[PDB]
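*Asks:* For reference, this is run35.tsv, and it has TSV, C-alpha atoms and all ligand atoms.
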chain	number	residue	atom	x	y	z
A	1	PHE	CA	73.21	65.99	103.13
A	2	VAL	CA	75.87	68.03	105.10
A	3	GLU	CA	76.44	64.80	107.14
A	4	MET	CA	77.59	63.12	103.82
A	5	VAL	CA	79.99	65.83	102.71
A	6	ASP	CA	83.66	64.73	102.68
A	7	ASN	CA	82.68	61.11	103.26
A	8	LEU	CA	85.15	59.83	100.59
A	9	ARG	CA	88.90	59.21	101.05
A	10	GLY	CA	91.67	57.79	98.83
A	11	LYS	CA	95.40	57.50	98.08
A	12	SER	CA	96.44	59.35	94.96
A	13	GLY	CA	95.80	57.06	92.03
A	14	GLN	CA	94.59	54.14	94.19
A	15	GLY	CA	90.75	54.53	94.37
A	16	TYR	CA	88.04	56.53	96.15
A	17	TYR	CA	86.35	54.72	99.07
A	18	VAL	CA	83.53	55.21	101.58
A	19	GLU	CA	83.27	53.65	105.01
A	20	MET	CA	80.59	50.96	105.41
A	21	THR	CA	79.65	48.35	107.99
A	22	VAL	CA	78.59	44.78	107.21
A	23	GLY	CA	77.06	42.15	109.51
A	24	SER	CA	75.63	42.03	113.06
A	25	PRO	CA	77.45	43.33	115.13
A	26	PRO	CA	78.78	45.84	112.52
A	27	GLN	CA	82.16	45.15	110.97
A	28	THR	CA	83.74	48.34	109.56
A	29	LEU	CA	85.31	48.19	106.02
A	30	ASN	CA	86.43	50.80	103.48
A	31	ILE	CA	84.72	50.18	100.17
A	32	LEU	CA	85.75	51.42	96.73
A	33	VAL	CA	82.96	53.44	94.98
A	34	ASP	CA	82.62	51.98	91.44
A	35	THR	CA	79.99	53.26	88.96
A	36	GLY	CA	81.58	50.91	86.39
A	37	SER	CA	80.17	47.65	87.88
A	38	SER	CA	77.25	46.32	89.87
A	39	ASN	CA	78.51	43.76	92.42
A	40	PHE	CA	79.01	44.59	96.11
A	41	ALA	CA	82.00	42.46	97.17
A	42	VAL	CA	84.37	42.48	100.19
A	43	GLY	CA	87.63	40.81	101.10
A	44	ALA	CA	86.58	37.90	103.32
A	45	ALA	CA	89.85	36.08	103.92
A	46	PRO	CA	93.48	37.14	104.55
A	47	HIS	CA	95.41	38.83	101.75
A	48	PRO	CA	98.86	40.49	101.89
A	49	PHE	CA	97.28	43.83	100.91
A	50	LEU	CA	94.24	43.75	103.28
A	51	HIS	CA	94.44	45.14	106.79
A	52	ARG	CA	91.08	43.72	107.54
A	53	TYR	CA	88.37	41.56	106.05
A	54	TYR	CA	84.75	40.40	106.42
A	55	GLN	CA	84.43	37.55	108.95
A	56	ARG	CA	81.09	35.85	108.11
A	57	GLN	CA	81.24	33.55	111.16
A	58	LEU	CA	80.97	36.64	113.53
A	59	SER	CA	77.74	37.88	111.89
A	60	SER	CA	74.50	36.42	113.16
A	61	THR	CA	72.61	38.06	110.28
A	62	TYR	CA	74.73	36.54	107.49
A	63	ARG	CA	72.74	34.21	105.14
A	64	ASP	CA	74.72	31.94	102.71
A	65	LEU	CA	73.20	31.90	99.18
A	66	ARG	CA	75.06	28.67	98.30
A	67	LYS	CA	76.35	30.01	95.03
A	68	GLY	CA	79.86	30.94	93.81
A	69	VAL	CA	80.65	34.04	91.72
A	70	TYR	CA	83.64	35.08	89.54
A	71	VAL	CA	84.13	38.72	88.39
A	72	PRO	CA	86.85	39.56	85.84
A	73	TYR	CA	87.21	43.35	85.38
A	74	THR	CA	89.46	45.11	82.78
A	75	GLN	CA	92.20	45.14	85.42
A	76	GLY	CA	91.91	42.59	88.20
A	77	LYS	CA	89.57	39.76	89.06
A	78	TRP	CA	88.15	37.96	92.10
A	79	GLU	CA	85.99	35.03	93.05
A	80	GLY	CA	84.02	34.17	96.16
A	81	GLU	CA	80.75	33.10	97.62
A	82	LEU	CA	77.38	34.91	97.56
A	83	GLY	CA	75.27	35.62	100.61
A	84	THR	CA	73.29	38.45	102.16
A	85	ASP	CA	73.79	40.55	105.29
A	86	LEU	CA	72.89	43.86	106.90
A	87	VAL	CA	74.78	46.82	105.56
A	88	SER	CA	75.00	50.49	106.64
A	89	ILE	CA	76.92	53.63	105.60
A	90	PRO	CA	77.98	55.47	108.82
A	91	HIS	CA	78.46	58.78	106.90
A	92	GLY	CA	75.59	58.09	104.45
A	93	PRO	CA	71.87	58.00	105.01
A	94	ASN	CA	70.60	56.83	108.40
A	95	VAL	CA	69.41	53.34	107.35
A	96	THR	CA	70.39	49.71	107.50
A	97	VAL	CA	69.57	47.45	104.56
A	98	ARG	CA	69.84	43.78	103.76
A	99	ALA	CA	71.98	43.46	100.58
A	100	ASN	CA	73.67	40.82	98.46
A	101	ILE	CA	77.42	40.52	99.24
A	102	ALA	CA	80.11	38.56	97.55
A	103	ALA	CA	82.69	37.30	100.11
A	104	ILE	CA	85.91	37.41	98.11
A	105	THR	CA	88.09	34.33	98.86
A	106	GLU	CA	90.66	34.52	96.02
A	107	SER	CA	91.72	37.40	93.79
A	108	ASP	CA	94.36	38.53	91.28
A	109	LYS	CA	95.66	42.09	90.70
A	110	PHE	CA	92.52	43.45	92.26
A	111	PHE	CA	93.48	44.71	95.75
A	112	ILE	CA	96.15	47.43	95.75
A	113	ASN	CA	98.95	47.59	98.31
A	114	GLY	CA	98.47	50.71	100.53
A	115	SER	CA	95.08	51.73	98.98
A	116	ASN	CA	93.22	51.41	102.34
A	117	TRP	CA	90.10	49.79	100.78
A	118	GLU	CA	88.93	46.20	101.33
A	119	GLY	CA	85.89	45.83	99.06
A	120	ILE	CA	83.98	47.39	96.17
A	121	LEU	CA	80.53	48.94	95.77
A	122	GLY	CA	79.28	48.44	92.24
A	123	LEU	CA	76.70	51.27	91.74
A	124	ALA	CA	75.56	50.37	88.16
A	125	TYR	CA	72.55	48.42	87.11
A	126	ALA	CA	71.58	44.74	87.55
A	127	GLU	CA	72.00	43.98	83.83
A	128	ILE	CA	75.75	43.72	84.33
A	129	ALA	CA	75.74	42.03	87.75
A	130	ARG	CA	77.45	38.64	88.04
A	131	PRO	CA	76.63	35.83	87.95
A	132	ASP	CA	73.55	37.27	86.21
A	133	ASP	CA	70.97	40.09	86.44
A	134	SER	CA	68.94	38.33	89.06
A	135	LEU	CA	71.55	39.42	91.75
A	136	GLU	CA	70.04	42.71	92.91
A	137	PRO	CA	72.70	45.43	93.26
A	138	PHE	CA	73.21	47.32	96.51
A	139	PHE	CA	71.75	50.67	95.39
A	140	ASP	CA	68.56	48.92	94.16
A	141	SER	CA	68.15	47.23	97.56
A	142	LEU	CA	68.72	50.55	99.36
A	143	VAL	CA	66.02	52.31	97.34
A	144	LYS	CA	63.52	49.46	97.63
A	145	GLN	CA	64.03	49.05	101.35
A	146	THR	CA	64.08	52.74	102.42
A	147	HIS	CA	62.62	56.08	101.35
A	148	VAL	CA	65.96	57.19	99.79
A	149	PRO	CA	65.31	58.98	96.49
A	150	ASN	CA	66.65	57.08	93.45
A	151	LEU	CA	69.79	59.10	92.75
A	152	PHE	CA	73.29	59.74	94.11
A	153	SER	CA	76.00	62.18	93.17
A	154	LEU	CA	79.82	62.06	93.35
A	155	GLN	CA	82.33	64.80	93.84
A	156	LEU	CA	85.80	63.23	93.49
A	157	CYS	CA	88.63	65.60	94.52
A	158	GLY	CA	92.05	64.82	92.96
A	159	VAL	CA	92.57	62.59	98.14
A	160	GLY	CA	88.88	62.90	99.22
A	161	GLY	CA	85.41	63.98	98.03
A	162	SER	CA	81.76	63.32	98.68
A	163	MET	CA	79.16	60.75	97.77
A	164	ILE	CA	75.76	62.25	98.41
A	165	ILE	CA	73.13	59.53	98.58
A	166	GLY	CA	69.54	60.41	97.65
A	167	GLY	CA	70.27	63.97	96.58
A	168	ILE	CA	72.24	66.94	95.28
A	169	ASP	CA	74.34	69.19	97.53
A	170	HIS	CA	74.51	72.73	96.12
A	171	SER	CA	77.66	73.52	98.16
A	172	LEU	CA	79.58	71.00	96.02
A	173	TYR	CA	79.40	72.78	92.70
A	174	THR	CA	79.08	76.14	90.96
A	175	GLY	CA	77.29	77.30	87.75
A	176	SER	CA	74.71	75.06	86.12
A	177	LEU	CA	74.10	71.35	86.02
A	178	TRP	CA	73.94	70.05	82.45
A	179	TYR	CA	72.33	66.62	81.79
A	180	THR	CA	73.06	63.88	79.33
A	181	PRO	CA	70.72	60.89	78.93
A	182	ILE	CA	71.58	57.47	80.25
A	183	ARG	CA	71.29	55.68	76.95
A	184	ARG	CA	70.71	52.21	78.36
A	185	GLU	CA	70.54	51.02	81.94
A	186	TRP	CA	73.42	48.57	82.37
A	187	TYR	CA	76.64	50.55	82.75
A	188	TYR	CA	76.03	54.31	83.09
A	189	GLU	CA	76.15	54.53	79.29
A	190	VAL	CA	76.27	57.95	77.64
A	191	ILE	CA	76.90	59.33	74.14
A	192	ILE	CA	79.75	61.64	73.12
A	193	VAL	CA	78.85	63.64	69.98
A	194	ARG	CA	82.07	65.61	69.45
A	195	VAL	CA	85.68	65.79	70.68
A	196	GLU	CA	87.95	68.81	70.32
A	197	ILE	CA	91.57	69.31	71.30
A	198	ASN	CA	92.46	72.95	71.80
A	199	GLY	CA	89.19	73.82	70.13
A	200	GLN	CA	90.08	71.73	67.02
A	201	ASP	CA	87.52	69.06	66.08
A	202	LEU	CA	88.92	65.58	65.71
A	203	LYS	CA	86.68	65.25	62.61
A	204	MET	CA	85.55	61.64	62.85
A	205	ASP	CA	82.06	60.18	62.50
A	206	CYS	CA	80.64	60.58	66.06
A	207	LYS	CA	79.74	56.88	66.31
A	208	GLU	CA	83.50	56.23	66.54
A	209	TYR	CA	83.59	58.14	69.94
A	210	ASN	CA	81.06	55.56	71.25
A	211	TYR	CA	82.46	52.36	69.68
A	212	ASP	CA	80.98	50.18	70.99
A	213	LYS	CA	79.70	52.02	74.12
A	214	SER	CA	80.79	55.02	76.27
A	215	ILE	CA	80.52	54.75	80.07
A	216	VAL	CA	81.01	56.88	83.22
A	217	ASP	CA	83.24	54.81	85.51
A	218	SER	CA	84.54	55.95	88.89
A	219	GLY	CA	86.33	52.57	89.28
A	220	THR	CA	88.80	53.26	86.40
A	221	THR	CA	91.54	55.94	86.57
A	222	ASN	CA	92.05	57.07	82.99
A	223	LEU	CA	90.02	58.45	80.17
A	224	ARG	CA	90.08	55.37	77.90
A	225	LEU	CA	89.32	55.81	74.19
A	226	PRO	CA	88.66	53.43	71.29
A	227	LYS	CA	91.88	52.88	69.25
A	228	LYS	CA	90.92	55.19	66.35
A	229	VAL	CA	89.90	58.02	68.66
A	230	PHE	CA	92.92	57.45	70.98
A	231	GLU	CA	95.41	57.65	68.03
A	232	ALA	CA	93.71	60.84	66.71
A	233	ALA	CA	93.75	62.43	70.19
A	234	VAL	CA	97.44	61.61	70.80
A	235	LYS	CA	98.39	62.98	67.40
A	236	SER	CA	96.61	66.26	68.22
A	237	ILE	CA	98.02	66.52	71.78
A	238	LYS	CA	101.58	65.86	70.46
A	239	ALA	CA	101.02	68.55	67.82
A	240	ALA	CA	99.86	71.13	70.43
A	241	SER	CA	102.73	70.31	72.86
A	242	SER	CA	105.47	70.02	70.17
A	243	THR	CA	107.83	72.55	71.82
A	244	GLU	CA	108.87	69.52	73.92
A	245	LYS	CA	109.24	65.93	72.74
A	246	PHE	CA	108.46	62.98	75.03
A	247	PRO	CA	109.26	59.25	74.56
A	248	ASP	CA	106.69	56.95	72.98
A	249	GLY	CA	106.49	55.12	76.33
A	250	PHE	CA	105.05	58.29	77.84
A	251	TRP	CA	102.24	58.43	75.28
A	252	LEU	CA	101.59	54.69	75.94
A	253	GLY	CA	101.25	55.42	79.68
A	254	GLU	CA	104.26	53.23	80.51
A	255	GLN	CA	106.77	55.92	81.48
A	256	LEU	CA	106.75	59.03	83.62
A	257	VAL	CA	107.64	62.55	82.48
A	258	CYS	CA	109.37	64.68	85.12
A	259	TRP	CA	110.16	68.31	85.57
A	260	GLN	CA	112.02	70.15	88.25
A	261	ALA	CA	109.58	70.66	91.23
A	262	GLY	CA	107.20	73.57	90.48
A	263	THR	CA	108.11	74.01	86.78
A	264	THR	CA	105.56	71.79	85.01
A	265	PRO	CA	104.86	73.54	81.69
A	266	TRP	CA	100.98	73.33	81.84
A	267	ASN	CA	100.72	76.01	79.16
A	268	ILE	CA	102.15	73.76	76.42
A	269	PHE	CA	99.42	71.13	76.85
A	270	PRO	CA	95.95	71.58	75.26
A	271	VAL	CA	92.55	71.45	76.85
A	272	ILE	CA	90.31	68.57	75.76
A	273	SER	CA	86.56	69.09	75.26
A	274	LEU	CA	84.09	66.24	75.25
A	275	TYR	CA	80.64	67.15	73.95
A	276	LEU	CA	77.88	64.99	75.51
A	277	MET	CA	74.51	64.43	73.95
A	278	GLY	CA	71.90	66.79	75.52
A	279	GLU	CA	68.32	66.22	76.63
A	280	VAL	CA	66.93	67.88	73.45
A	281	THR	CA	67.42	66.82	69.83
A	282	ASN	CA	70.83	67.70	68.32
A	283	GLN	CA	71.72	69.84	71.35
A	284	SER	CA	74.86	69.06	73.37
A	285	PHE	CA	77.06	70.60	76.11
A	286	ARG	CA	80.79	70.21	76.66
A	287	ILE	CA	82.97	69.37	79.64
A	288	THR	CA	86.48	70.69	79.31
A	289	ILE	CA	89.48	69.07	80.89
A	290	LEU	CA	92.85	70.64	81.56
A	291	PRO	CA	96.20	68.92	81.46
A	292	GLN	CA	96.14	69.07	85.30
A	293	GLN	CA	93.45	66.37	85.00
A	294	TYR	CA	94.92	64.19	82.21
A	295	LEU	CA	98.60	64.35	83.43
A	296	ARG	CA	98.31	62.43	86.72
A	297	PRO	CA	101.04	63.14	89.34
A	298	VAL	CA	102.74	59.95	90.62
A	299	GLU	CA	103.78	60.52	94.28
A	300	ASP	CA	107.06	58.88	95.00
A	301	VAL	CA	109.38	60.31	97.63
A	302	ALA	CA	112.27	58.80	95.60
A	303	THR	CA	111.55	61.08	92.59
A	304	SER	CA	110.48	64.04	94.72
A	305	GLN	CA	113.24	66.49	93.56
A	306	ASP	CA	110.84	66.53	90.56
A	307	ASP	CA	107.09	66.57	89.77
A	308	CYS	CA	106.48	63.36	87.75
A	309	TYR	CA	103.42	62.48	85.77
A	310	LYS	CA	101.83	59.65	83.79
A	311	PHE	CA	99.72	60.35	80.70
A	312	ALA	CA	96.19	59.38	81.92
A	313	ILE	CA	94.56	58.79	78.51
A	314	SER	CA	94.83	55.25	77.10
A	315	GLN	CA	93.58	53.03	74.38
A	316	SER	CA	90.58	50.80	75.06
A	317	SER	CA	89.20	47.85	73.04
A	318	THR	CA	85.80	47.98	74.95
A	319	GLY	CA	84.60	51.51	74.20
A	320	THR	CA	85.08	54.85	75.87
A	321	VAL	CA	85.56	55.00	79.62
A	322	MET	CA	85.20	58.39	81.34
A	323	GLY	CA	87.20	57.39	84.41
A	324	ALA	CA	88.24	59.26	87.50
A	325	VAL	CA	90.46	61.67	85.58
A	326	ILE	CA	87.38	63.00	83.84
A	327	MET	CA	85.15	62.91	86.96
A	328	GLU	CA	87.67	64.81	89.17
A	329	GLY	CA	86.57	68.51	89.60
A	330	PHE	CA	83.12	67.85	88.18
A	331	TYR	CA	80.16	67.21	90.42
A	332	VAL	CA	78.48	64.24	88.73
A	333	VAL	CA	74.85	63.45	89.40
A	334	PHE	CA	73.63	59.90	88.76
A	335	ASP	CA	69.98	60.77	88.35
A	336	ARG	CA	68.68	57.21	88.03
A	337	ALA	CA	65.03	58.40	88.63
A	338	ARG	CA	65.16	60.46	85.42
A	339	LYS	CA	67.62	58.29	83.51
A	340	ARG	CA	70.21	60.99	83.12
A	341	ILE	CA	73.66	62.09	84.30
A	342	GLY	CA	74.29	65.69	85.42
A	343	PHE	CA	77.69	67.48	85.25
A	344	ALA	CA	78.64	70.74	86.93
A	345	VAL	CA	81.95	72.27	87.78
A	346	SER	CA	82.97	71.14	91.25
A	347	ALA	CA	83.92	73.35	94.17
A	348	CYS	CA	87.20	71.28	94.02
A	349	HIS	CA	88.32	71.96	90.35
A	350	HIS	CA	92.64	75.27	87.42
A	351	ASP	CA	95.47	77.72	86.53
A	352	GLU	CA	95.51	81.40	86.75
A	353	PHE	CA	94.87	81.15	82.91
A	354	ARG	CA	92.27	78.38	82.21
A	355	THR	CA	89.50	76.70	84.13
A	356	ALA	CA	87.65	73.33	83.57
A	357	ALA	CA	84.13	74.09	82.42
A	358	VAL	CA	80.69	72.54	81.79
A	359	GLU	CA	78.84	74.73	79.29
A	360	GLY	CA	76.28	74.85	76.54
A	361	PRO	CA	74.22	74.73	74.57
A	362	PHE	CA	75.76	73.59	71.28
A	363	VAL	CA	73.69	72.67	68.27
A	364	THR	CA	74.55	70.48	65.30
A	365	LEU	CA	72.97	70.44	61.84
A	366	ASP	CA	74.12	66.83	61.19
A	367	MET	CA	71.32	64.32	61.72
A	368	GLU	CA	73.49	61.31	62.47
A	369	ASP	CA	72.66	59.35	65.64
A	370	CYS	CA	75.96	59.08	67.48
A	371	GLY	CA	75.09	55.86	69.29
A	372	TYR	CA	77.05	52.91	67.98
A	373	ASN	CA	74.71	49.92	67.79
B	1	LIG	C1	92.87	49.85	83.50
B	1	LIG	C2	92.10	49.87	84.82
B	1	LIG	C3	90.83	49.24	84.86
B	1	LIG	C4	90.14	49.24	86.07
B	1	LIG	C5	90.68	49.82	87.21
B	1	LIG	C6	91.89	50.51	87.16
B	1	LIG	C7	92.63	50.50	85.95
B	1	LIG	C8	92.35	51.17	88.41
B	1	LIG	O1	93.67	51.70	88.17
B	1	LIG	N1	91.46	51.53	89.37
B	1	LIG	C9	91.83	52.10	90.64
B	1	LIG	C10	91.41	53.56	90.74
B	1	LIG	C11	92.31	54.53	91.20
B	1	LIG	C12	91.94	55.89	91.24
B	1	LIG	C13	90.66	56.26	90.80
B	1	LIG	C14	89.76	55.31	90.31
B	1	LIG	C15	90.17	53.98	90.24
B	1	LIG	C16	91.28	51.14	91.71
B	1	LIG	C17	89.93	50.53	91.37
B	1	LIG	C18	89.75	49.21	91.20
B	1	LIG	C19	88.34	48.76	90.88
B	1	LIG	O2	88.20	48.21	89.54
B	1	LIG	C20	86.86	48.40	89.02
B	1	LIG	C21	86.87	48.19	87.52
B	1	LIG	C22	85.59	48.68	86.85
B	1	LIG	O3	84.44	48.01	87.43
B	1	LIG	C23	85.64	48.53	85.32
B	1	LIG	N2	84.40	48.94	84.64
B	1	LIG	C24	84.10	48.37	83.29
B	1	LIG	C25	84.04	46.84	83.32
B	1	LIG	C26	84.90	46.07	82.54
B	1	LIG	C27	84.84	44.68	82.65
B	1	LIG	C28	83.89	44.07	83.46
B	1	LIG	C29	83.04	44.83	84.22
B	1	LIG	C30	82.00	44.34	85.18
B	1	LIG	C31	80.63	44.35	84.54
B	1	LIG	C32	82.33	43.04	85.91
B	1	LIG	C33	83.10	46.22	84.13
B	1	LIG	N3	87.95	48.99	87.01
B	1	LIG	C34	88.84	48.50	86.14
B	1	LIG	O4	88.70	47.45	85.42
Show me the file's structure as structure tokens.

*Replies:*
Amino acid sequence: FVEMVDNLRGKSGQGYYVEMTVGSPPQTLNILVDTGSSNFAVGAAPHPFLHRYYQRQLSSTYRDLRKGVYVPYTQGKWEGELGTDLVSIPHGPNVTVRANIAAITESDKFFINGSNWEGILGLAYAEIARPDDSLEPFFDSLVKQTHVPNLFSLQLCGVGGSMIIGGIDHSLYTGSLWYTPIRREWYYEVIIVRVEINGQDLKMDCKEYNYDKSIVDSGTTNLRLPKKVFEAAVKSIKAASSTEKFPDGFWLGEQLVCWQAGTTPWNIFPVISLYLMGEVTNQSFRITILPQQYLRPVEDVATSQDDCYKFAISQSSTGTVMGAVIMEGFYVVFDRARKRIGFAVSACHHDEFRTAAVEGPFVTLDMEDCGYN
């Protein structure tokens, strides 16, 4: 696993990617790591934002599946043609597998100018693959075709980080690993049982936190919350930070807030705790996130007399999304073999006053199931 450490790169706010090769002879591409979807897809024709792309006609091992595919995400969409080819991860396990690949031929608001990645690795389950669940996802192929154990973990550092395939690297975290069940195998779906802001409970029925599912998604930046939960959370964050007033556009994630370089007032912003269902009845643990995680710096030389930030919590109409802002400075273990997700504090986490945490146990008397439907 040391060979896999620091195998992820990224531009701030533009996506974490791993190097892969596709085809025979190997064509090198940088591929976005996405636990929020299940299609492996690569740019396969010119695009103003791509420095390189998959050339199927140079690969003797390419097999055309004679089927088109269209994938509309929350942000962005693409379409292209299915086939299969040999794939390897130079800084992953030492194996070469034959995998499904979508050759993207048209796209809209999907590739990002300057992001350095040319494709996406959907690491979730076949139930949400397009065009349907018969298209085996990459990680499934890898496990079936090799001896790699059925689990991977991600340490995203807010850029670089590590994707450890087939295991857990103890150098990447401290303290204990706490596990929450994967509720259903489609997305990495989990259940939040409680939310607090500065230790104050939001006080809603816990099904609202999971309306109509809650997922762990490395392919989305923000923590995204159902409308009712989002409005409650903003109200409580505004209340805690009320010594300064910000425009509504800031709270809507449409406008930056800036402070003279070095003077960001971290202390006025609250910590947010998300309590995740535990492995034992009515037990939970919490992960705590600091404003350094949910106020995302926007690098722009033009504004660089200041430190400028966007509010990285937003409203969702498709359930909770624990995006990269939540994953950053946790080590997150996708323990597919045991149908659970592990969290620990990451070696790449804080202030001289507060530190992000993963801790438990917490018990609740309330017998409600927090799962939505
Ligand atoms: C609002 C928003 C949504 C999404 C991405 C971003 C922003 C974004 O800004 N992402 C960038 C990034 C930067 C820094 C860190 C992490 C990500 C770069 C990543 C692009 C890849 O997009 C991946 C996609 C992810 O699969 C979504 N999962 C739920 C889902 C919803 C609908 C359909 C489907 C499947 C089943 C087809 C899944 N993310 C976004 O939609």

*Asks:* Please measure the separation of atom CA of residue A:284 and atom CA of residue A:362, giving the value in Å to one decimal.

*Replies:* 5.1 Å

*Asks:* Per residue of chain A within 9 Å of ligand LIG 1 (chain B), what are the shortest atom pair and its distance in Å to one decimal, counting all atoms listed in the file, with rows by chain and residue number, as a Markdown table?

*Replies:*
| residue | atom | partner | partner_atom | distance |
| --- | --- | --- | --- | --- |
| A:10 | CA | B:LIG1 | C12 | 7.8 |
| A:11 | CA | B:LIG1 | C12 | 7.8 |
| A:12 | CA | B:LIG1 | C12 | 6.8 |
| A:13 | CA | B:LIG1 | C12 | 4.1 |
| A:14 | CA | B:LIG1 | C11 | 3.8 |
| A:15 | CA | B:LIG1 | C11 | 3.5 |
| A:16 | CA | B:LIG1 | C13 | 6.0 |
| A:32 | CA | B:LIG1 | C17 | 6.9 |
| A:33 | CA | B:LIG1 | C19 | 8.2 |
| A:34 | CA | B:LIG1 | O3 | 5.9 |
| A:35 | CA | B:LIG1 | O3 | 7.1 |
| A:36 | CA | B:LIG1 | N2 | 3.9 |
| A:37 | CA | B:LIG1 | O3 | 4.3 |
| A:38 | CA | B:LIG1 | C31 | 6.6 |
| A:39 | CA | B:LIG1 | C32 | 7.6 |
| A:70 | CA | B:LIG1 | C32 | 8.8 |
| A:71 | CA | B:LIG1 | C32 | 5.3 |
| A:72 | CA | B:LIG1 | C32 | 5.7 |
| A:73 | CA | B:LIG1 | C27 | 3.9 |
| A:74 | CA | B:LIG1 | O4 | 3.6 |
| A:75 | CA | B:LIG1 | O4 | 4.2 |
| A:76 | CA | B:LIG1 | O4 | 6.5 |
| A:77 | CA | B:LIG1 | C32 | 8.5 |
| A:110 | CA | B:LIG1 | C18 | 6.5 |
| A:111 | CA | B:LIG1 | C18 | 7.4 |
| A:112 | CA | B:LIG1 | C16 | 7.3 |
| A:115 | CA | B:LIG1 | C16 | 8.2 |
| A:120 | CA | B:LIG1 | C19 | 7.0 |
| A:122 | CA | B:LIG1 | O3 | 7.1 |
| A:124 | CA | B:LIG1 | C31 | 8.7 |
| A:127 | CA | B:LIG1 | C31 | 8.7 |
| A:128 | CA | B:LIG1 | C31 | 4.9 |
| A:129 | CA | B:LIG1 | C31 | 6.3 |
| A:130 | CA | B:LIG1 | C32 | 6.9 |
| A:156 | CA | B:LIG1 | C13 | 8.9 |
| A:158 | CA | B:LIG1 | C13 | 8.9 |
| A:186 | CA | B:LIG1 | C31 | 8.6 |
| A:187 | CA | B:LIG1 | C31 | 7.6 |
| A:215 | CA | B:LIG1 | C24 | 8.0 |
| A:216 | CA | B:LIG1 | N2 | 8.7 |
| A:217 | CA | B:LIG1 | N2 | 6.0 |
| A:218 | CA | B:LIG1 | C14 | 5.4 |
| A:219 | CA | B:LIG1 | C15 | 4.2 |
| A:220 | CA | B:LIG1 | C5 | 4.0 |
| A:221 | CA | B:LIG1 | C14 | 4.2 |
| A:222 | CA | B:LIG1 | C7 | 7.2 |
| A:224 | CA | B:LIG1 | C1 | 8.3 |
| A:314 | CA | B:LIG1 | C1 | 8.6 |
| A:316 | CA | B:LIG1 | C1 | 8.8 |
| A:318 | CA | B:LIG1 | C26 | 7.9 |
| A:321 | CA | B:LIG1 | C24 | 7.7 |
| A:323 | CA | B:LIG1 | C14 | 6.8 |
| A:324 | CA | B:LIG1 | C13 | 5.1 |
| A:325 | CA | B:LIG1 | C13 | 7.5 |

*Asks:* List every protein, DNA or RNA residue that has an atom no more than 8 Å from (68.9, 40.3, 103.2) in the file's coordinate frame, counting only C-alpha atoms, and report them as a VMD selection string.

*Replies:* chain A and resid 63 84 to 86 97 to 100

*Asks:* At a cut-off of 7 Å from (91.9, 72.1, 89.7) in the coordinates of the file, what residues are picked up using only C-alpha atoms, written as a VMD selection string?

*Replies:* chain A and resid 292 329 348 to 350

*Asks:* Can you tell me which residues surround residue A:43 at a distance of at most 12 Å, considering only C-alpha atoms, apart from same-chain residues fewer than 2 positions away, and format the answer as a PyMOL selection string?

*Replies:* chain A and resi 22+28-32+40-41+45-56+78-81+101-107+110-111+117-120

*Asks:* Give me the residues near residue A:342 as an NGL selection string, where near means some atom within 6 Å (using only C-alpha atoms) and where sequence neighbours in that chain fewer than 6 positions away do not count.

*Replies:* :A and (177-179 or 332-333)

*Asks:* By how many Å are atom CA of residue A:149 and atom CA of residue A:166 apart?

*Replies:*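 Between atom CA of residue A:149 and atom CA of residue A:166 the gap is 4.6 Å.
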
*Asks:* Between A:194, A:296, A:207, A:336, which has the minimum distance to residue A:250 (counting only C-alpha atoms)?

*Replies:*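 Ranked by minimum distance to residue A:250, first place goes to A:296.
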
*Asks:* What does the distance from atom CA of residue A:269 to atom CA of residue A:240 come to in Å, to one decimal?

*Replies:*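 Atom-to-atom, atom CA of residue A:269 and atom CA of residue A:240 are spaced 6.4 Å apart.
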
*Asks:* Give me the residues within 6 Å of residue A:4 as a ChimeraX atom specification, counting all atoms listed in the file and dropping any in the same chain fewer than 3 places off.

*Replies:* /A:1,7,91-92,164

*Asks:* Using C-alpha atoms, can you export the residues from the last selection as an mmCIF file, keeping the file's coordinate frame?

*Replies:*
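The resulting result_5.cif:
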data_model
loop_
_atom_site.group_PDB
_atom_site.id
_atom_site.type_symbol
_atom_site.label_atom_id
_atom_site.label_comp_id
_atom_site.auth_asym_id
_atom_site.auth_seq_id
_atom_site.Cartn_x
_atom_site.Cartn_y
_atom_site.Cartn_z
ATOM 1 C CA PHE A 1 73.210 65.990 103.130
ATOM 2 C CA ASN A 7 82.680 61.110 103.260
ATOM 3 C CA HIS A 91 78.460 58.780 106.900
ATOM 4 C CA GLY A 92 75.590 58.090 104.450
ATOM 5 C CA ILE A 164 75.760 62.250 98.410
#

*Asks:* Can you pull out every residue within 10 Å of residue A:262, counting all atoms listed in the file, but drop anything in the same chain fewer than 4 positions away, and send it as a CSV table (one decimal) with C-alpha atoms, keeping the file's coordinate frame?

*Replies:*
chain,number,residue,atom,x,y,z
A,305,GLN,CA,113.2,66.5,93.6
A,306,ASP,CA,110.8,66.5,90.6
A,307,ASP,CA,107.1,66.6,89.8

*Asks:* Show me, as a ChimeraX atom specification, the residues that have an atom within 6 Å of residue A:372 when counting all atoms listed in the file, minus same-chain residues fewer than 3 positions from it.

*Replies:* /A:207,210-212

*Asks:* Could those residues be written to a file, using C-alpha atoms, as a short mmCIF file (atom, residue, chain, number, x, y, z; two decimals), in the frame of the given file?

*Replies:*
data_model
loop_
_atom_site.label_atom_id
_atom_site.label_comp_id
_atom_site.auth_asym_id
_atom_site.auth_seq_id
_atom_site.Cartn_x
_atom_site.Cartn_y
_atom_site.Cartn_z
CA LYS A 207 79.74 56.88 66.31
CA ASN A 210 81.06 55.56 71.25
CA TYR A 211 82.46 52.36 69.68
CA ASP A 212 80.98 50.18 70.99
#
